[PDB]
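The block underneath contains the structure these notes are about, expressed in structure tokens.
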Amino acid sequence: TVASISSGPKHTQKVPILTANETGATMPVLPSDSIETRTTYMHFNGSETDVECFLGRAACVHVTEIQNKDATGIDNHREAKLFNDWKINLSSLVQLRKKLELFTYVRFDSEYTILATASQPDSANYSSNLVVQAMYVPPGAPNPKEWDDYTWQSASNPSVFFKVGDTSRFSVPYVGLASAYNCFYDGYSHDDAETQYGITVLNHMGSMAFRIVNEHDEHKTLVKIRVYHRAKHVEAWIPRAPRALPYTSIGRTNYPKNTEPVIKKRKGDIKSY
Amino acid sequence: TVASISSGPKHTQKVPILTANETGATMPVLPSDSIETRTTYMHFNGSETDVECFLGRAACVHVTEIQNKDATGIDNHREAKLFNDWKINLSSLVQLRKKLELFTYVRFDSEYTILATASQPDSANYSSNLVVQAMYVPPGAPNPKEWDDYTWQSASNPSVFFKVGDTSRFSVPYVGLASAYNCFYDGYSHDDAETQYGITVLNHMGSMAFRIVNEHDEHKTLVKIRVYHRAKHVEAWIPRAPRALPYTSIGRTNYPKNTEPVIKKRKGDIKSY
Amino acid sequence: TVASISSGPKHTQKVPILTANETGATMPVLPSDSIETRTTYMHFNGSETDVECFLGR
Amino acid sequence: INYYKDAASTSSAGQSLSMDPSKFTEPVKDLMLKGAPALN
Amino acid sequence: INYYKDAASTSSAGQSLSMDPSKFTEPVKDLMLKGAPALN
Amino acid sequence: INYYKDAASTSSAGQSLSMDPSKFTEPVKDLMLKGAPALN
Amino acid sequence: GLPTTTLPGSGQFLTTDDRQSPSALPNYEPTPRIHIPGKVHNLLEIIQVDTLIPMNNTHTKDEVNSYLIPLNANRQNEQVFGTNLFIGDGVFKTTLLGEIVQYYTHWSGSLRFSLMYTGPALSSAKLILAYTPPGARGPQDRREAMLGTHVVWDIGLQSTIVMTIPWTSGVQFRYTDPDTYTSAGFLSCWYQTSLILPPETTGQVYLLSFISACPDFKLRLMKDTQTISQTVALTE
Amino acid sequence: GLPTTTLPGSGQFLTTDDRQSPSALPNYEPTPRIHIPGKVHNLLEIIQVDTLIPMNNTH
Amino acid sequence: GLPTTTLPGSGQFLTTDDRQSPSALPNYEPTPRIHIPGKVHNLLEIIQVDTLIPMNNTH
Amino acid sequence: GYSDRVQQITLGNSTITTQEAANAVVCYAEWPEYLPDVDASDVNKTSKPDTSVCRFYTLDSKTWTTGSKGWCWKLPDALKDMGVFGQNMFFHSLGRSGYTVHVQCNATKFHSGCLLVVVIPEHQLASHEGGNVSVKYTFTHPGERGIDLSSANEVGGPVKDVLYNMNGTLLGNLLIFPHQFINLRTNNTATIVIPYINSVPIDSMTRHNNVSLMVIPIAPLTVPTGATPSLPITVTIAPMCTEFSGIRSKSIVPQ
Ligand SMILES: OCCOCOCc1cc(CCCCCOc2c(Cl)cc(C3=NCCO3)cc2Cl)on1
Ligand SMILES: OCCOCOCc1cc(CCCCCOc2c(Cl)cc(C3=NCCO3)cc2Cl)on1
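Structure follows, in structure tokens:
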């Protein structure tokens, strides 16, 4: 492939460099339209800018935490982090979020990696070996109320059991209801006067639920869960302007008030170098 | 292959042993040009002197250390070794350095092995099990400021998570900007009067960043990281004189003052055996 | 596979929507027996409702 | 590839792709045609 | 070799090697030739 | 068998078995024959 | 039982590796795809669309006005604007090009810089745009500027002028984050003759300026952008 | 000895995965199947049989 | 699931072994090679060039 | 003697002529088309009123003055009350449509000024409150009036800051969306053909707008000396290939 062809002096009536940008086109002008060039080859394919590659590496999408401790006398397991949950979503952590929102609709399978590490902040004789269990919990299946409810039987709901310190990995097909996931949605769930705006009404995928299977030892053990997400089989439509201001909320486009100028001011003139 | 052919008495006008070294050549003289020889075969190929073999074994290129401890009240994580970094480079440890600098330009893929072991120098009930994470951090991606910054999300930056005591291994293609890496560079980054000389201005590859993912236990744990590097797919050009004096700096050729004579003095005469 | 065929106005002596449930049958009535439909395809096989799948986790 | 000798040890079965609701939805003795009168 | 039955479980896809910027760079209704006048 | 997609991930290269010292040992412009006088 | 040996790296999680995994939802059937206009395949497809450069960066809070390069009637010989070409920083940095370049470590290729004139139709002007390849200082006067890559632009019916910064380089890749060795030059613009307004007209006229990449362009070695960060996880 | 590398997920138990296992009862012979009317293959077969709706829910 | 057995040496790191590894930079395209005079292939090529001997070591 | 410059668009019972055009943009290089069966889901036959809905409606005019910040209309909202298009809209459960948008602004060869005319698929607005405040319905359904970016923040309304596109992105990059400029010195109209863009084959026309049309002054209007300091901008829009499905009782929507 040639990156530049050889081109010499020109004295024409045919001027490729004068255009009318009002038309909305970006005319494909090249170095050889306005200087004299020599042949050179590309030596490159643009492999690593493919959208599959761009969205295809694992990104941290969520960090939560649960603890193993005596539940005796706990009136609210959920509240003691005896177990916990995640209202699933991807736009919670921003690094990956800015990348996805370069597109309007996106379609992909997900591969998830879950790393779990334990901490024992206060005096323990040892490090126990805990098994985590972490059940998907669809929009419409009982949310588990205690850390050892019938829910955890998970007879119809996929669940994975792995050890703290290890990693769990599995992959879920594209579960969207439509043909693509909306990265943006300028609509409502119905025409009510006070319903929520955005995608949070679309992006309704149920939540994920972690717990330790082990009963309690004499000390307490903090287990912190990190969920990583990798898109595989990516398809993206309609590019948009990149995010400039900071994010404030999952699912709304809102930016913070009295934010700071995002364009760097010159130290000098327009004329400055 | 014959290592020596059979050759007998000679009384010629054709003298292969008289030459003129002023020409710059090393004339290919053999035993059979000046004594009577018998046939012998080589029985050998020179396999283990191939440059791929010479530069192809893992060498320790870096030892760093980070600790897991309560960051509560630490004003400078980087400074507490709560995490740490490496300004990537290869000429930091000398064994491998002398080997590479036998050549002027070198091109290869790298395979890296990272061993992490833990130490608990002061009273602990136990040995905790820590997971290390160690993100590449290109010349132009945010350097992570705390041990748990958004940076560690590493949504676009390759990172590996492995356990202390284990080893991590992965391989990075030849990332040089030119066609080869310069082992030497007699230039500057621009024609300023005070800019730095050498390759340190060329050899600008960003740094590598390690941290423990675990929160803190009651005791403190020292984790010491050793990075090993193995060249694979090696290509080397222009041999040079081997390094004689000791090294003083990454990237400059400078030797120490009042160094010692590097040529061993005879215990005796020129005539001595 | 078609999920619905195209069907238009009807003025018949042949009424598929009147039945006698006392018989014990569930007559296979479709949208196109009582409204005007357009063609659409199924795009689906019913894979995940197989009893092997239902009892297989 | 089965690595094991016994049939019980093989993985899940593969979709019936059988599907015939008529034993349940139309177990009538004399065939009913949709469109023809139910009771003649 | 896929070891798994479902398509979601396969590795990353392979490069589009599609690449056609004209839907974005030249969505004009009447074709513009480089070198010819923009507005006639 | 390569298990990985990228070339950097393959094992070490295999012996040049190239070997030609003359660029280093005899870079002279006019060819010198062993046995003939060095300087004529 | 077949004998195996495990190698260094066993059990590691590399966020960039690409392997198979069990599906959690065996046998599930995804929604059919329908057609949607606009599919993107390569980021290289989109960085060829031009977007506006806030060249007039001299303000103090972001404003629509930093997209406008002003022009003065009747000045002769003088300089309209100047900038270095660190596409990953400074004016370029918020543009789509700048914004994507920042996801990669290295770039190589030609850039297309165009200026669209917005003054009254009955006015006229001749400007010179100059590209100064690495190695010299930003030009200080047109004489200096005109000795490097330049285009005399004659403002006419055809409203825009497309200047190309042809890839001039020893090393075949440059860093997107500004680096010296790897630096790309300067871009300046001066009056060639001068802007002239028709009667009954007055004041400043402005040029809009765009940047996009030529088909020439290469970007490699993905990394994280300095353009976005956060201090606590967001919630709904 | 063939060189291997284990990936993330090794040792996990996913209730939905489908793999082979050793049989605890090697060589055992199950009872023959006889014919039984009524076999169900898909839940889609049965949701087409109609059932009564307690529409008058007001009690 | 295929049955395996691990041998002595599993998990060791031998600095001299030569195996495959995942690339951290999937799909990256290295700079083209250009021609450079002087390529070395074997250390045996270079030890045939003669160099001076500090024979007079007596200093 | 055909110029890129003169054009005629006849759609239904209405025709537009421009003698000073700058080509026309067809979003993503695709022209509006009906919904194919292979893409269909709802089993209902759809209704295609054709020429009674696919004609040109001219919205009420705006006034560009030196202080203008820009205006924003949403589709199909802007047309919610135009003739039979609108009735169909409130009466069917689902509908789908593409449009031809023609923005008009003429001046003289002494004026200067340049407007950006852009179509943004799925333009989800931001609350000026920050945090996770929502933007109430009424605020994103201004009807033919559209939203005036130089009007004041209101409560439950969107933010109206132009350098941020009403969503946290910079004005400068709107050029990645199908768009066309109106530069008084060149141009006097802008025309964009919009194909139907959604993640579902057909949708509700009232709970979801699928494009915002935005007209933004970028180079300020500058009139000749002692000229009146303002110009009107007119927007005329025509639904094209419209289909409605799932007819019934007639939606009732807030406010
Ligand atoms: O705003 C950013 C981009 O917008 C596009 O869409 C964003 C998005 C991404 C997702 C994820 C959907 C849910 C993933 C599939 O769910 C799971 C999970 Cl998260 C875990 C398991 C699981 N099984 C055993 C253990 O865990 C199974 C399923 Cl189906 O939901 N919405
Ligand atoms: O002076 C001695 C010889 O001179 C030649 O060049 C010397 C030299 C060698 C190198 C190494 C370049 C950087 C290596 C590639 O970088 C990495 C690293 Cl060091 C780690 C990871 C990584 N990914 C996940 C974890 O770590 C990824 C990449 Cl691309 O940089 N310069």
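Keeping their order, the protein sequence lines are chains 1, 1', 1'', 4, 4', 4'', 3, 3', 3'' and 2. A prime marks a further copy of an entry chain.
Numbering-wise, the authors' numbering puts 166 at position 150 of the first sequence, and it's gapless, one number per residue.
Numbering-wise, the authors' numbering puts 225 at position 209 of the second sequence, and it's gapless, one number per residue.
Numbering-wise, the authors' numbering puts 48 at position 32 of the third sequence, and it's gapless, one number per residue.
Numbering-wise, the authors' numbering puts 65 at position 37 of the fourth sequence, and it's gapless, one number per residue.
Numbering-wise, the authors' numbering puts 56 at position 28 of the fifth sequence, and it's gapless, one number per residue.
Numbering-wise, the authors' numbering puts 64 at position 36 of the sixth sequence, and it's gapless, one number per residue.
Numbering-wise, the authors' numbering puts 167 at position 167 of the seventh sequence, and it's gapless, one number per residue.
Numbering-wise, the authors' numbering puts 13 at position 13 of the eighth sequence, and it's gapless, one number per residue.
Numbering-wise, the authors' numbering puts 30 at position 30 of the ninth sequence, and it's gapless, one number per residue.
Numbering-wise, the authors' numbering puts 112 at position 105 of the tenth sequence, and it's gapless, one number per residue.
From the three backbone atoms N, C-alpha and C, an ideal C-beta is built for every residue, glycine too.
Whether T180 (chain 3) touches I87 (chain 3) by CB criterion (8 Å): no
Beta carbon proximity, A36 (chain 2) to chain 4', threshold 8 Å: With 8 Å as the cut-off, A36 (chain 2) counts as an interface residue toward chain 4'.
Completely contained beta strand (DSSP E) runs for the stretch 162 to 200 of chain 1, where each covers 3 or more residues: Segments of the beta strand (DSSP E) lying fully in the stretch 162 to 200 of chain 1: 176 to 179 and 183 to 188.
Any C-beta of chain 1' under 8 Å from that of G38 (chain 3''): yes
Straight-line Cα distance separating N173 (chain 1) from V232 (chain 3): 31 Å
Chain 3' contact residues for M47 (chain 4), given Cβ-Cβ distances below 8 Å: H41, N42, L44 and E45
Three or more C-beta pairs below 8 Å linking the stretch 86 to 95 of chain 2 and the stretch 126 to 145 of chain 2: Cβ pair count under 8 Å is below three, so no.
Counted within 10 angstroms of its Cβ, other Cβ atoms place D101 (chain 1) as buried (16 or more) or exposed: buried
Coil, strand or helix - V45 (chain 2) by DSSP: DSSP places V45 (chain 2) in helix when its eight states are reduced to three.
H249 (chain 1') versus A132 (chain 1): straight-line alpha-carbon distance, rounded: Each residue's Cα considered, the two are about 37 Å apart.
Any non-hydrogen atom of ligand 2 within 7 Å of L106 (chain 1') CB: yes
Rounded Cβ spacing between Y213 (chain 1') and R123 (chain 1') (contact assumed at less than 8 Å): The beta carbons of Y213 (chain 1') and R123 (chain 1') sit about 24 Å from each other, so the pair does not count as a contact at 8 Å.
Cut-off 6 Å between Cβ atoms - residues of its own chain near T132 (chain 3), not counting five sequence neighbours on either side: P139, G148, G185 and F186
Opening and closing residue of the beta strand (DSSP E) in which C121 (chain 2) lies: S119 to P128
C-beta neighbour in chain 4'' for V176 (chain 1'), strict 8 Å: no
Neighbour flag for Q48 (chain 3'') against chain 4'', beta carbons, 8 Å: For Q48 (chain 3''), the nearest beta carbon of chain 4'' is closer than 8 Å to its own beta carbon.
Status (buried if at least 16 other CB within 10 Å, exposed otherwise) for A134 (chain 1): buried
Cβ-based burial, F200 (chain 1) [other Cβ within 10 Å; buried from 16]: buried
Residues that DSSP places opposite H109 (chain 2) in a beta bridge: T198 (chain 2) and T243 (chain 2)
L45 (chain 4''), buried or exposed, once every other Cβ within 10 Å from all chains shown has been counted against 16: exposed
CB contact flag (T22 (chain 2), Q15 (chain 2), <8 Å): yes
At least three beta-carbon pairs within less than 8 Å, the stretch 31 to 39 of chain 4 to the stretch 50 to 65 of chain 4: no
Neighbourhood of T243 (chain 2) by C-beta distance below 6 Å, restricted to the same chain and skipping five residues each side: The beta carbon of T243 (chain 2) is closer than 6 Å to those of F63, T65 and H109 in its chain, skipping five residues each way along the sequence.
8 Å contact criterion, which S206 (chain 2) and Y121 (chain 1) should meet: CB distance rounded: 5 Å
Touching by the beta-carbon criterion (3+ pairs, under 8 Å), the stretch 266 to 282 of chain 1' and the stretch 20 to 39 of chain 1'': no
Stretch pair the stretch 177 to 186 of chain 2 + the stretch 50 to 66 of chain 3: three plus CB contacts closer than 8 Å: yes
Proximity test, Cβ basis, 8 Å: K273 (chain 1) and chain 2: yes
Coarse secondary structure for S110 (chain 3), derived from DSSP in three states: It is coil, neither helix nor strand.
Chain-order list of residues whose beta-carbon lies under 6 Å from that of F217 (chain 3) (same chain, five-residue window excluded): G109
Through-space distance from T6 (chain 3'') to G192 (chain 1'), alpha-carbon basis: 39 Å
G253 (chain 2) - DSSP class collapsed to helix/strand/coil: strand
Any 3 or more C-beta pairs closer than 8 Å across the stretch 248 to 255 of chain 2 and the stretch 99 to 108 of chain 2: Touching, yes, given that three or more Cβ pairs across the two stretches are closer than 8 Å.
Own chain, CB closer than 7 Å to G19 (chain 2), minus 5 neighbours either side, in chain order: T58, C61 and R62
Own chain partners of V188 (chain 1) with C-beta closer than 6 Å, once the 5 adjacent residues on each side are dropped: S126
Contact the stretch 155 to 175 of chain 3 vs the stretch 119 to 138 of chain 3: 3+ CB pairs below 8 Å: yes
Buried or exposed by the 16-neighbour rule on C-beta atoms within 10 Å, applied to residue 15 (chain 1'): Given that chain 1' is displayed from residue 17 to residue 289, the structure contains no residue 15 (chain 1') and the question cannot be resolved.
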